[PDB]
Amino acid sequence: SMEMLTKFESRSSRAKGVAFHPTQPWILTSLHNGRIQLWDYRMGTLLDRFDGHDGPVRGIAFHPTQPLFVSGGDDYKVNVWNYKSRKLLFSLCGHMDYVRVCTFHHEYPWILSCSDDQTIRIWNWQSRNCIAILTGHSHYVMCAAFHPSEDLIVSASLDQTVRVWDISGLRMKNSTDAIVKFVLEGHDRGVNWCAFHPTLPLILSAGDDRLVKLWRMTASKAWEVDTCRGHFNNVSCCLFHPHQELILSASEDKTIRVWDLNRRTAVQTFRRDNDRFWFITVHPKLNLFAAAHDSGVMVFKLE
């Protein structure tokens, strides 16, 4: 149904996050042991290592154009690095518990982070100030993401909700700044992940109910489209295939599953005998995927 063409594998202690560089053949991998690796997956070479956290590092992301990346740790810190000069530029402090995700905005000079402290924070990485604290979730915020073209954020929480936030107010300035638009109800256990489709008005969410839910939205409403059923343990992560009508999910059941976007039927399951999956991502341009698991990271194509 589909074959996995493995292009590169790192054997390491448990990996939590991975981020593709947009133009270079690199991935960052953030590890349970607190260290960040920079790999060239075409040569199979470890280019650098970054040690600026204590404990697991779950958040990791490249800036789209700048020589920067950002990391978020269980030590509550959001660190901003320069990978050309190879130094930690500064720490963004404010979160009071584990940082789960951290990403750069594609246009504004912003960093997005979310935390077990029940908040989503938006930082300005030029002023190094926190410019917005999004409150409302009643449990850990496990994931947050910027919309690729609209002034929206989607977030997922162990409070069993997926929230869509309107941050048009924060944008106009350059808490009216952020207002919750949708509190999406559907999961009957905690939600671990949420993702926007790159070009369509779709949302994926996945959680401890073992479900991947597909949502559609307009400017004025949202609705649950369908559910992907089959995982037999917590789903850690999910995403849209950018250029095919497919959904991908990764689970503590030690499988990566591909689903039909239009039918939500199973297309292909990939299994590892001993490794739980903690994260999957897709390259912003190429049909290239990466997955973090108990024994390292793998980069692969799907055919």
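Bear in mind that the values in this text are calculations on the coordinates, not laboratory data. Positions of Cβ are backbone-derived with ideal geometry, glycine not excepted, and every protein chain shown enters the neighbour counts.
In the set (1) under 18 Å from the mean Cα position of the chain (by Cα); (2) within 19 Å of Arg264 (Cα to Cα); (3) not basic (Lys, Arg), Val164 fails one condition alone, (2).
Here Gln118 passes the criteria (1) in contact with a helix residue (DSSP H, G or I) (Cβ under 7 Å, 6 or more places away or on another chain); (2) assigned to a loop (DSSP other than H, G, I, E, B); (3) closer than 24 Å to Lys77 by Cβ except the one numbered (1). Select from segment 252-264 the residues that are under 15 Å from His241 (Cα atoms) and out of contact with any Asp or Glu (no Cβ under 9 Å at 6 or more places or on another chain) and list them in ascending order. Passing the criteria: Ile256, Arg257, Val258, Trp259. If you filter segment 70-90 down to residues that are more than 21 Å from the chain's Cα centre (by Cα), in a loop (DSSP other than H, G, I, E, B) and of a type in the set (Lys, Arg), you find that the one that is surrounded by the fewest Cβ atoms within 10 Å (Cβ to Cβ) is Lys84.
Which ranges mark the strands (runs of 3 or more DSSP E) fully within segment 260-303 that have 2 or more residues being surrounded by 20 or more Cβ atoms within 10 Å (Cβ to Cβ) and either on the phi < 0 side of the Ramachandran plot or not hydroxyl-bearing (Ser, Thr, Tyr) (or both)?
On the way: elements: 266-271, 277-282, 289-293, 296-302.
Correct list: 277-282, 289-293, 296-302.
For segment 197-243, the candidate set comprises residues that are closer than 23 Å to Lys181 by Cβ and of a type in the set (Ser, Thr, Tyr); within that set, the residue that is surrounded by the most Cβ atoms within 10 Å (Cβ to Cβ) is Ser205.
Specify which of the listed residues (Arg229, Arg272) is charged (D, E, K, R) and farther than 18 Å from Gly190 by Cα. Quick ask: steps written out before the conclusion?
Values: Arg229 fails: farther than 18 Å from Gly190 by Cα.
After applying the criteria, what remains is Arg272.
Between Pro67, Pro109, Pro56, the distinction of being within 17 Å of the chain's Cα centre (by Cα) and at negative phi belongs to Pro56 only. Between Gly169, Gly190, the distinction of being more than 21 Å from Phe289 (Cβ to Cβ), under 19 Å from the mean Cα position of the chain (by Cα) and surrounded by fewer than 19 Cβ atoms within 10 Å (Cβ to Cβ) belongs to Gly190 only.
Looking only at segment 1-17, count how many residues are touching a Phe, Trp or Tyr at 6+ places or on another chain (Cβ under 8 Å) and closer than 23 Å to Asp74 by Cβ. If you could, list the steps in order and put the result at the bottom.
The first filter runs over segment 1-17 and keeps only residues touching a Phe, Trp or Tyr at 6+ places or on another chain (Cβ under 8 Å), leaving 4-8, 10, 14-17.
Next cut, closer than 23 Å to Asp74 by Cβ only: 10, 14-17.
Matching residues across segment 1-17 total 5.
Out of curiosity, is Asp97 outside any strand (DSSP E or B) and either out of contact with any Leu (no Cβ under 8 Å at 6 or more places or on another chain) or not aromatic (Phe, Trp, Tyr) (or both)? The answer is yes for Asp97. Taken as a whole, the structure leaves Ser175 outside the set of residues that are under 21 Å from the mean Cα position of the chain (by Cα) and not aromatic (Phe, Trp, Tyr).
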